[PDB]
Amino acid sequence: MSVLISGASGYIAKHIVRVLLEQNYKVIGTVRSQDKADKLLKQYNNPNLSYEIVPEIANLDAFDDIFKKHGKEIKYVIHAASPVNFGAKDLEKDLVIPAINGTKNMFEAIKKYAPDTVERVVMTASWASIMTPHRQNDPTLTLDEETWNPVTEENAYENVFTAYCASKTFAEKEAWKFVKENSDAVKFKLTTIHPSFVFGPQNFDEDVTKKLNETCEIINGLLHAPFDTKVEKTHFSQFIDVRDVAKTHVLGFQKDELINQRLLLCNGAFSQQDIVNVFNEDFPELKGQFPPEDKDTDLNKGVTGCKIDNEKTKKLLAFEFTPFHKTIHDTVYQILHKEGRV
């Protein structure tokens, strides 16, 4: 009944591991180095947690050694390892190949060493494999769980963000293709999770560093920006709270209703300024130490970009998502409190 989770040192994954340990699962995480594993073991201080070292998911048969050692005990797999790096300079090598090869490697390791043992795979995809990046602000587009990013390999590399979104799209397509072609040989059922921009506190306060993971660095950077910084007030994207994401991944292997589902995790539109507005409203004593409030945002004019039809997802998951104001508040509070400022 052990649970394998790839890329276990990341922002989302550390919350998933917390949830797994709350529920008394035996957890095997993969991280890139023994230093990372050692630090994490001390953070959780939980005998049910172990780490195996997978230094590069893109490399040949990267997950075979794990299934050689642990094949018999791994009943569930959470495939969360994929690069989220909008500073990548080599878009093929740093984003697209690791996303795809990581996914192929995990599924082929399962097929070779535990085709009848692994019951469920929950894969972290993204809403990036559902939405169209240049239409995030297009109210004529309605997304649902059957919508696909139409990006092709030919136009994937327009910029770093389209390339990231393509890595997620192409990886997920390979996931469903594998499932299609191996229906009778491998018993696992797949569930894919599709978060939008993930905000919320780091799982451990000590992990609040000068620069955070890419998506929370949006908030962290605005929070530390000079008062005179120009902040955009036009619609940016959809968000979801990291704690909702983590909860969904664990439900993903537990609930039969989630078999063969793509789950679209969005809970609200925002601009940069809507984030800043939370700083000023909730920490008024620090006004002037970050950019100012301005209520003239796209959101407040009823402008939210592409439409999100995730009713099926919400009905399947049943639990209520965390609202934007709380997600931002909790992110900001953790940072300011760590800094000894509130």
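Numbers follow the displayed sequence, beginning with 1.
In this crystal structure, the stretch out of 145-153 and 186-194 whose C-alpha atoms carry the higher mean B factor is 186-194. If you average the C-alpha B-factors over 61-69 and over 38-46, the higher value belongs to 61-69. Of all the options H79, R262, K89, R135, the entry's greatest CA B-factor is assigned to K89. Looking only at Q273, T30, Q289, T304, the residue with the top Cα B factor in the deposited structure is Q289. For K312, the recorded CA temperature factor ranks within the lowest third of the chain's modelled residues.
Among all modelled residues in its chain, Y333 ranks in the lowest third by Cα B-factor.
Per the PDB record, residue ranking by Cα B-factor puts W176 in the middle third of the chain.
Ranked within its chain, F170 lands in the lowest third, by CA B factor from the PDB record. In the PDB entry, a CA B factor belonging to the middle third of its chain's modelled residues is recorded for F253.
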